[PDB]
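Some notes on the structure that comes next.
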Ligand code: FES
Ligand SMILES: [Mg+2]
Ligand SMILES: [Mg+2]
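Protein chains in written order, with the working numbering: chain A, 52 to 283; chain B, -14 to 10; chain C, 20 to 152; chain D, 3 to 222; chain E, 361 to 471; chain F, 2 to 99; chain G, 2 to 7.
Structure follows, in structure tokens:
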């Protein structure tokens, strides 16, 4: 099978990581190449690994021979695993906007069946992590290493519903249109419940993104958005 | 509890020395 | 082995997440003890910062009322020719005796700084301590 | 083995103070040992400010009420780890106390490393010791700073290896990555001798308690 | 690399050979010594090679194989020496002893 | 039960006030040739030279009179965000405590 | 060096 293009290394699977000297096996982990570059000669590879259940990592390997670089990057990646929290094991807990160096990433939580409508590298990393429904927009400089670092930082720094409930000491109640006015309590604080309600902010002072509002009002006119694409 | 510290200006400060001609015309 | 990202979360969160995810077969020996008796703060890496502008440390200077009295003493009678013995937990300097007498007269008398000072000096001479101005 | 575990390893975790470490010290004892004396206000580290009672004539005073709670937690953890037969490694680069710390580690049947810390001892232990070496289950820093007033590399290395750490942190030290920091004076010999005494006593009592519990379980 | 089982078999082989050599030379096996082994091997396998090592030799296997590979921890994994994690337990233990003796004395041709 | 605040308030070191030009009693606890390490009850010891007069009397455990100058010697140098400490007190050795 | 040997 080919990668993102016929002649591109990106997206190609490297198989499971080798059994580590620690004595652990990593047969449930899958590896994907994110970048292969010539260093002037040697080879620098950026790879990502993940078991599809929230544990995922990335690493750089440098070597004269490409396969040695693959092995080094993979083995080092398996020992630097992030754990990524997933809402219902299919998506993220909330929208995440981040900037790593000059790269900007805007990620949006999406319902089931939405798919991975993201940068191709983000699609690969999300498949490794286990996220199945998400939207992502990358802006600024598209640098693969910065993209990976920012993605992992933002995904590792998300607040779960239980964490929010414990922080605020209040029930986190979910409202779904397909479920009518039924209130679904998704998280309750382990400690006592506050009896004072949250301030009913008449108008919140939130930082809105012009693209999202433009899309909402129908002023976005891109011929490239919402294009039919293969299942991801 | 009475033994907590209280807020005050540093009492162990020597008042600024007056020059030999201070107060003289 | 566990994750070597010492700047992401703490050892407890990393180990717990790897244990639930199935990466680690067994909990380390310390995990149960940590869970039963956690520290007051979760040991998360934080980068120290330099304060700028009007930001100031909240550390107060430790001052007492008697310090004022002490100042006057050390400014009038000077440092006592007797030596401090800080090893004795109940050491009483000449200044401390002066402070105690000052507070005693103040609680049994009026509040006039100079009058209290001179009366206290007179008394301490009465008990018989030398006080060279 | 389920009965063995439930009665030996899980039972101590159900009690607040199973080894009675609260009676090993008091605020009066810590005051007598000069544990409250810190460095100048200029050498202060930001993250140590919540533990500082105040500055007495530009000299930081450590709050011993907080030291009591932190030391209680640290001693309880150390006792529990000694009960489980975990490897305990003391670390200190203060040469004034190297001999004392090595003697104390030898006495309580634990390990010491008061010498130059070679790079990779923990993160590359497998090459430097062997493929089957067992790393410490707990590391106790009596001095967290090296002789350049920079953090001991072992703090970050043990954080990388997911090894819990206890640490005596003075006002100029960085307590962020120490699992169980104990604010206290790490310079005066009285304070360091007190710390060594307390940790030795806790480890010895925990080991004797473990042997007693196992003997009783075998008998009944 | 020499496994401990290999060395064990070498030891038992050497003991059997020792008793055999005592048999051949007519000496009492119980009192048969390493110097006797050397003399008997010199007699039975004469060799004038100038290299002393090159002659035939029958040594106890520990003399032959490098047996410096002593284990520093038990089955539980706990190291035996309290200075094990220094990596130079012998040298630092010796330094510790010397420093302790110097402390005691303070309280109180050849190369 | 006595709280830490009371202990600090009634501590002799607190009672002393400023440490400049205060007479204190120190105890010799270590000697290196002509160098005496003296503890006077502060955080740090002070390192003094053996006086040329009656220098034999200055032995370990000896009580000496000191005139304090600074409890801890620190200083900020150029391009530094934190003071550098020598981990030592400044004191002047006066003589033996009779 | 007062702690020579440590
Ligand atoms: S203070 Fe300047 S003349 Fe008086
Ligand atoms: Mg093609
Ligand atoms: Mg210090």
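The beta-carbon is built from N, C-alpha and C at its ideal position, and this holds for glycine as well.
Exercise. Does the segment 171 to 189 of chain D touch the segment 126 to 140 of chain C, meaning 3 or more C-beta pairs lie closer than 8 Å?
Worked result: no
Exercise. At what residues does the beta strand (DSSP E) containing residue 149 of chain C begin and finish?
Worked result: Where residue 149 of chain C is concerned, there is no enclosing beta strand (DSSP E), given that its DSSP letter is neither H nor E.
Problem set entry | Endpoints, alpha helix (DSSP H) assigned at residue 212 of chain D | 191 to 221
Exercise. Which value, in whole angstroms, describes the spacing of the CA atoms of residue 251 of chain A and residue 177 of chain D?
Worked result: 39 Å
Problem set entry | Neighbouring residues, chain J, relative to residue 446 of chain E (Cβ below 7 Å) | The chain inventory of the structure shown lacks chain J, comprising the protein chains A, B, C, D, E, F and G.
Problem set entry | Proximal residues, the segment 175 to 208 of chain D versus chain E, C-beta separation under 8 Å | none
For this session: Tell me residue 5 of chain F's beta-bridge partners as DSSP assigns them.
Result: The partner list for residue 5 of chain F (beta bridge, DSSP) is empty, contrary to what the question assumes.
For this session: Starting from residue 417 of chain E, find everything on chain G with Cβ-Cβ shorter than 9 Å and list it in chain order.
Result: Under the 9 Å cutoff, chain G gives no residues; its nearest Cβ is about 44 Å from residue 417 of chain E.
For this session: Can you grab the Cα-Cα spacing for the pair residue 70 of chain A / residue 80 of chain A, in whole Å?
Result: 11 Å
Problem set entry | Proximal chain C residues relative to residue 102 of chain A, where beta-carbon distance stays under 9 Å | 40, 41 and 42
Exercise. Is any heavy atom of ligand 3 found at a distance shorter than 6 Å from the C-beta of residue 188 of chain D?
Worked result: yes
Exercise. CB of residue 57 of chain A to nearest heavy atom of ligand 2: below 6 Å?
Worked result: yes
Exercise. Is there at least one Cβ from chain C nearer than 7 Å to residue 9 of chain D's Cβ?
Worked result: no
For this session: Figure out for me which residue from A:74, A:77, A:72 and A:87 has the closest Cα to the Cα of residue 62 of chain A.
Result: A:87
Exercise. With a CB to CB cut of under 7 Å and the five nearest residues on each side skipped, what residues in its chain are close to residue 88 of chain F?
Worked result: 45
Exercise. Residue range of the alpha helix (DSSP H) that residue 383 of chain E falls in?
Worked result: 364 to 385
For this session: With distances taken Cα to Cα, identify the nearest neighbour of residue 8 of chain F among D:215, D:106 and D:64.
Result: D:64
Problem set entry | beta-carbon residue 23 of chain F near ligand 1 non-hydrogen atom, thresh 6 Å | no
Problem set entry | Separation of residue 106 of chain D from residue 290 of chain A, as counted between CA atoms | In this structure chain A extends from 52 to 283, so residue 290 of chain A is not present and cannot be described.
For this session: With a cut-off of 7 Å, give the chain-ordered residues whose Cβ is closer than this to any heavy atom of ligand 1.
Result: B:3, B:4, B:6, B:7 and B:8
For this session: Mind listing the chain D neighbours of residue 99 of chain C? Cutoff is C-beta to C-beta under 9 Å, in chain order.
Result: Going along chain D, no residue has its Cβ under 9 Å from residue 99 of chain C, so there is no contact; the nearest lies around 18 Å.
Problem set entry | Spatial distance of residue 173 of chain A from residue 187 of chain A (CA atoms) | 8 Å
Exercise. Can you find a heavy atom of ligand 3 that lies under 6 Å from the Cβ of residue 172 of chain D?
Worked result: yes
Exercise. When the distance is taken between beta carbons, is residue 6 of chain F closer than 7 Å to residue 72 of chain F?
Worked result: no
Exercise. Thinking C-alpha only, which one of A:72, A:118 and A:136 is nearest residue 33 of chain C?
Worked result: A:136
Exercise. CA-CA distance, residue 56 of chain D and residue 141 of chain C?
Worked result: 36 Å
Problem set entry | Close beta carbons around residue 209 of chain A, own chain, < 7 Å, minus the five adjacent residues each side | 136, 143, 144, 145 and 147
Problem set entry | Pick from D:25, D:74, D:12 and D:22 that is closest to residue 51 of chain C, judged by C-alpha positions | D:12
Exercise. Going straight from the alpha carbon of residue 83 of chain C to that of residue 53 of chain D, what length do you get?
Worked result: 21 Å
Exercise. Using a Cβ-Cβ cut-off of 7 Å (strictly less than) and excluding sequence neighbours within five positions of residue 60 of chain D, which residues of its own chain qualify?
Worked result: 42 and 43
For this session: Mind reading off the beta-carbon distance from residue 137 of chain D to residue 124 of chain D? Whole number of angstroms is fine, and I expect it under 8 Å.
Result: 6 Å
For this session: With DSSP collapsed to three states, give me the class of residue 433 of chain E.
Result: strand
Exercise. Near residue 41 of chain C, which residues of its chain fall below 7 Å by C-beta distance, leaving aside the five closest residues on each side in sequence?
Worked result: none
Problem set entry | Continuous alpha helix (DSSP H) assignments of at least 4 residues falling wholly in the segment 67 to 117 of chain C | 84 to 95
Exercise. Where do the ends of the alpha helix (DSSP H) carrying residue 101 of chain A lie?
Worked result: Looking at the DSSP string, residue 101 of chain A is not in any alpha helix (DSSP H); the run it does join, the beta strand (DSSP E), is 93 to 101.
For this session: Using a Cβ cut-off of 8 Å, pull out every chain F residue sitting near residue 86 of chain C, in sequence order please.
Result: 18
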